[PDB]
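Pasted below: upload.txt, compact mmCIF, C-alpha atoms (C1' of nucleotides).
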# COMPACT_ATOMS: atom_id res chain seq x y z
CA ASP P 665 0.00 0.00 0.00
CA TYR P 666 2.61 2.52 1.21
CA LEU P 667 4.84 1.37 -1.64
CA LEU P 668 2.17 2.24 -4.24
CA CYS P 669 1.63 5.53 -2.40
CA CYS P 670 5.37 6.32 -2.71
CA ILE P 671 5.20 5.38 -6.41
CA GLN P 672 2.17 7.49 -7.18
CA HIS P 673 3.60 10.58 -5.41
CA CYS P 674 7.09 10.34 -6.93
CA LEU P 675 5.68 9.66 -10.40
CA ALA P 676 3.19 12.54 -10.36
CA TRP P 677 6.01 14.86 -9.14
CA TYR P 678 8.23 13.49 -11.95
CA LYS P 679 5.62 14.26 -14.70
CA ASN P 680 5.03 17.65 -13.00
CA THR P 681 8.55 19.11 -12.71
CA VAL P 682 11.28 16.67 -13.93
CA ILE P 683 10.37 16.59 -17.69
CA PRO P 684 10.06 20.43 -17.92
CA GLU P 696 12.59 7.49 -19.57
CA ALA P 697 10.85 4.06 -20.33
CA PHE P 698 10.12 3.03 -16.66
CA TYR P 699 7.36 5.72 -16.21
CA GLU P 700 5.92 5.42 -19.80
CA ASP P 701 5.50 1.70 -18.82
CA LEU P 702 4.17 2.48 -15.25
CA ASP P 703 1.28 4.50 -16.79
CA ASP P 704 -0.06 1.38 -18.60
CA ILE P 705 1.03 -0.75 -15.53
CA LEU P 706 -1.27 1.17 -13.15
CA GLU P 707 -3.99 1.32 -15.89
CA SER P 708 -4.04 -2.52 -16.29
CA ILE P 709 -3.85 -2.86 -12.43
CA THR P 710 -6.82 -0.45 -12.01
CA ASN P 711 -8.98 -2.32 -14.61
CA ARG P 712 -8.11 -5.73 -13.05
CA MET P 713 -8.89 -4.15 -9.61
CA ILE P 714 -12.38 -3.03 -10.78
CA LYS P 715 -13.51 -6.60 -11.64
CA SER P 716 -11.75 -8.61 -8.88
CA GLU P 717 -14.73 -9.31 -6.53
CA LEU P 718 -13.21 -10.65 -3.24
CA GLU P 719 -13.35 -14.41 -4.35
CA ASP P 720 -10.12 -13.96 -6.37
CA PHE P 721 -8.88 -12.70 -2.94
CA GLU P 722 -10.90 -15.55 -1.20
CA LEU P 723 -12.75 -13.22 1.27
CA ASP P 724 -15.97 -12.80 3.34
CA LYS P 725 -17.52 -16.33 2.94
CA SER P 726 -14.48 -18.70 2.40
CA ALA P 727 -13.04 -16.81 5.48
CA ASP P 728 -14.65 -14.98 8.43
CA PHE P 729 -11.74 -12.68 9.62
CA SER P 730 -11.33 -14.81 12.82
CA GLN P 731 -8.63 -12.88 14.81
CA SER P 732 -8.06 -16.31 16.55
CA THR P 733 -7.36 -18.43 13.38
CA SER P 734 -4.10 -17.88 11.38
CA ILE P 735 -6.37 -17.65 8.25
CA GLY P 736 -8.83 -14.98 9.60
CA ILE P 737 -5.74 -13.01 10.86
CA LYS P 738 -4.27 -13.24 7.32
CA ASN P 739 -7.71 -12.14 5.93
CA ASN P 740 -7.75 -9.06 8.26
CA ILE P 741 -4.25 -8.09 7.08
CA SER P 742 -4.84 -8.77 3.37
CA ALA P 743 -8.08 -6.71 3.55
CA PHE P 744 -6.29 -3.67 5.10
CA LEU P 745 -3.68 -3.92 2.33
CA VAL P 746 -6.44 -4.16 -0.32
CA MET P 747 -8.24 -1.04 0.97
CA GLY P 748 -4.94 0.93 1.07
CA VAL P 749 -4.22 -0.15 -2.54
CA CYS P 750 -7.72 0.97 -3.61
CA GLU P 751 -7.24 4.36 -1.86
CA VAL P 752 -3.99 5.04 -3.77
CA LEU P 753 -5.59 4.02 -7.08
CA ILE P 754 -8.44 6.50 -6.23
CA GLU P 755 -5.84 9.25 -5.91
CA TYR P 756 -4.21 8.21 -9.23
CA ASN P 757 -7.45 7.92 -11.28
CA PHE P 758 -8.48 11.41 -10.00
CA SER P 759 -5.03 12.92 -10.74
CA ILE P 760 -4.70 11.57 -14.35
CA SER P 761 -7.74 13.06 -16.10
CA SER P 762 -9.06 16.55 -16.77
CA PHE P 763 -12.27 15.10 -15.15
CA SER P 764 -13.11 12.25 -17.61
CA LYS P 765 -16.11 10.22 -16.49
CA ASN P 766 -15.11 6.52 -17.00
CA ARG P 767 -12.21 6.91 -14.44
CA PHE P 768 -14.67 8.51 -11.96
CA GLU P 769 -17.09 5.56 -12.38
CA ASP P 770 -13.98 3.34 -11.75
CA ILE P 771 -13.25 5.40 -8.57
CA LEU P 772 -16.84 4.89 -7.40
CA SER P 773 -16.64 1.06 -8.02
CA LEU P 774 -13.22 0.92 -6.22
CA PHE P 775 -14.73 2.87 -3.30
CA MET P 776 -17.84 0.53 -3.37
CA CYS P 777 -15.54 -2.51 -2.92
CA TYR P 778 -13.53 -0.54 -0.26
CA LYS P 779 -16.65 0.37 1.73
CA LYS P 780 -17.91 -3.24 1.19
CA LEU P 781 -14.68 -4.39 2.95
CA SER P 782 -15.05 -1.74 5.72
CA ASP P 783 -18.69 -2.81 6.47
CA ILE P 784 -17.60 -6.54 6.29
CA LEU P 785 -15.19 -5.59 9.09
CA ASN P 786 -18.06 -3.72 10.91
CA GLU P 787 -19.98 -7.07 10.79
CA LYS P 788 -16.73 -8.75 12.04
CA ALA P 789 -16.01 -5.84 14.57
CA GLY P 790 -19.69 -5.73 15.75
CA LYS P 791 -19.30 -9.13 17.58
CA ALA P 792 -15.98 -8.92 19.55
CA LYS P 793 -15.25 -6.15 22.14
CA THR P 794 -14.17 -2.77 20.61
CA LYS P 795 -10.34 -3.02 21.13
CA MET P 796 -9.91 -3.54 17.31
CA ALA P 797 -9.10 0.23 16.88
CA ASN P 798 -6.88 -0.91 13.88
CA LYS P 799 -9.88 -0.37 11.47
CA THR P 800 -9.15 3.45 11.64
CA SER P 801 -5.62 2.71 10.17
CA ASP P 802 -4.69 6.10 8.62
CA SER P 803 -5.57 6.74 4.91
CA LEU P 804 -2.90 6.82 2.18
CA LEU P 805 -4.33 10.06 0.76
CA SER P 806 -2.15 13.18 1.13
CA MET P 807 -3.59 16.13 2.99
CA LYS P 808 -3.02 17.95 -0.39
CA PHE P 809 -5.28 15.68 -2.47
CA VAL P 810 -8.09 15.89 0.11
CA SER P 811 -8.01 19.73 0.14
CA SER P 812 -8.15 19.60 -3.71
CA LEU P 813 -10.95 17.04 -3.67
CA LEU P 814 -13.34 19.08 -1.41
CA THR P 815 -12.37 22.26 -3.25
CA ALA P 816 -13.54 20.46 -6.45
CA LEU P 817 -16.70 18.93 -4.84
CA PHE P 818 -18.30 21.99 -3.15
CA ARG P 819 -16.82 25.04 -4.98
CA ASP P 820 -16.88 23.73 -8.59
CA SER P 821 -19.73 24.99 -10.81
CA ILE P 822 -17.70 24.52 -14.07
CA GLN P 823 -19.98 22.70 -16.57
CA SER P 824 -16.92 21.25 -18.48
CA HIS P 825 -16.07 19.24 -15.29
CA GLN P 826 -19.56 19.20 -13.62
CA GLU P 827 -20.94 16.11 -15.51
CA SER P 828 -18.28 13.97 -13.66
CA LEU P 829 -18.69 15.74 -10.25
CA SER P 830 -22.54 15.15 -10.36
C1' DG L 1 -31.78 -8.02 24.19
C1' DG L 2 -26.56 -6.65 23.49
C1' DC L 3 -22.31 -3.45 22.64
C1' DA L 4 -19.65 0.96 23.08
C1' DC L 5 -18.44 5.03 25.15
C1' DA L 6 -18.31 7.64 29.29
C1' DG L 7 -17.59 8.53 33.80
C1' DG L 8 -16.61 7.08 38.30
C1' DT L 9 -13.49 5.12 41.05
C1' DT L 10 -9.40 3.30 42.82
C1' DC L 11 -4.68 2.34 43.30
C1' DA L 12 0.35 3.36 42.91
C1' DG L 13 3.71 6.61 43.13
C1' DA L 14 5.87 10.60 44.13
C1' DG L 15 6.56 15.02 46.05
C1' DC L 16 6.09 18.58 49.32
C1' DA L 17 4.31 21.21 53.31
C1' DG L 18 3.46 21.66 58.08
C1' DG L 19 3.65 20.30 62.82
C1' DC L 20 6.19 18.58 66.54
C1' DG L 21 11.08 17.99 68.65
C1' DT L 22 14.90 20.61 70.59
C1' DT L 23 16.51 25.04 72.44
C1' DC L 24 15.99 30.04 74.16
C1' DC L 25 13.88 34.50 75.32
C1' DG L 26 9.79 37.36 76.88
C1' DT L 27 6.13 38.37 80.44
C1' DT L 28 3.82 38.24 84.56
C1' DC L 29 3.66 37.48 89.19
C1' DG F 1 14.28 38.06 89.46
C1' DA F 2 12.66 33.37 87.96
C1' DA F 3 9.97 30.21 85.63
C1' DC F 4 6.89 28.74 82.43
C1' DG F 5 4.89 29.72 78.07
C1' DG F 6 5.72 31.55 73.24
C1' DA F 7 9.09 30.84 69.14
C1' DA F 8 12.41 29.09 65.39
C1' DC F 9 14.93 25.46 62.09
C1' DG F 10 14.91 20.47 60.49
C1' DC F 11 12.87 15.58 59.45
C1' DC F 12 9.15 12.38 59.00
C1' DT F 13 4.05 11.35 57.99
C1' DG F 14 0.65 11.63 55.54
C1' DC F 15 -2.09 13.57 52.37
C1' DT F 16 -2.86 15.18 47.93
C1' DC F 17 -2.17 15.63 42.78
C1' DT F 18 -2.14 13.13 38.86
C1' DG F 19 -2.35 9.65 35.58
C1' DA F 20 -3.92 5.27 33.82
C1' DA F 21 -6.99 1.27 33.43
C1' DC F 22 -10.92 -1.44 34.71
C1' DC F 23 -15.26 -1.94 34.93
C1' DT F 24 -20.13 -1.08 34.93
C1' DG F 25 -24.18 1.61 33.68
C1' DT F 26 -27.28 3.56 29.86
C1' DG F 27 -28.89 4.50 25.52
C1' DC F 28 -29.47 3.21 20.75
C1' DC F 29 -29.68 -0.44 17.01
Represent the structure contained in this file as structure tokens.
Amino acid sequence: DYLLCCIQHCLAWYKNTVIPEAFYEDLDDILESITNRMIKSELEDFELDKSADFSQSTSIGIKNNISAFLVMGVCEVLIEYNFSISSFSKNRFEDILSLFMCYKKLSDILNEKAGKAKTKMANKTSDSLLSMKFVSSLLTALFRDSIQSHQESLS
DNA sequence: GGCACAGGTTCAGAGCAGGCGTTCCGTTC
DNA sequence: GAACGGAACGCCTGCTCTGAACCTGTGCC
């Protein structure tokens, strides 16, 4: 997760300032293919939720817990990337929504799994891999954007 | 009918202040 | 003029300040 975060940040900064050489021209299509594969991997390629029950006792439910956190982190980074790429093109935003829908699906799976045991699993609130910067820019673009050219995506 | 957060409570430790213990001078017969 | 009560500097007791955690009670799902 953190790795991908590092990658995203360095790479965006590269495109931003460095250019004004095959690794990054590859990585574009790398993350693209990863994103598309991520959209339509539905938790049974990961073997989650029904094959396992996130048992903090069992080695396997422990593993599930950990894998799931990693997954959600991954998704978050990809959300940042998909947003960053476009000049507000709609297919990527649909992708972001679907990513988030799987993410939230995982979070509420854990709420089902964290509803039963006592509330000392405060590891669910594991900090997001979104920069302060991106979040500022996101709310800026949600609430104070009336620009029709972008607005079809923001709606 | 159960879980989570709050709030109370309690204990452990540590730190510090004051009163009594020793020693002397004032006051009242 | 003397004696017994008021008076000052140091150490120990205990009490308080504070934090941290447990646990239990209530309200909402």
Please return, as a PyMOL selection string, all residues of chain L lying within 12 Å of chain P when all atoms listed in the file are considered. chain L and resi 2-5
Excluding residue 702 (chain P) and residues on its chain fewer than 6 positions from it, collect all residues at most 12 Å away from it, counting only C-alpha atoms (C1' of nucleotides), and give them as a PyMOL selection string. chain P and resi 668+671-672+674-676+679+696+708-710+756
Which residues, written as an MDAnalysis selection string, have at least one atom at most 12 Å from residue 25 (chain L), with all atoms listed in the file counted and residues fewer than 5 positions away on the same chain left out? chainID F and resid 3:8
What's around region 15-19 of chain F at 12 Å? Count only C-alpha atoms (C1' of nucleotides), leave out sequence neighbours fewer than 5 positions away in its own chain, and write the answer as a list in words.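 Here the qualifying residues turn out to be residues 10, 11, 12, 13, 14, 15, 16, 17 and 18 of chain L.
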Rounded to one decimal in Å, what is the spacing between CA of residue 803 (chain P) and CA of residue 705 (chain P)?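 Distance between the two atoms: 22.7 Å.
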Record the distance separating CA of residue 720 (chain P) and CA of residue 777 (chain P), expressed in Å with one decimal.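 CA of residue 777 (chain P) lies 13.1 Å from CA of residue 720 (chain P).
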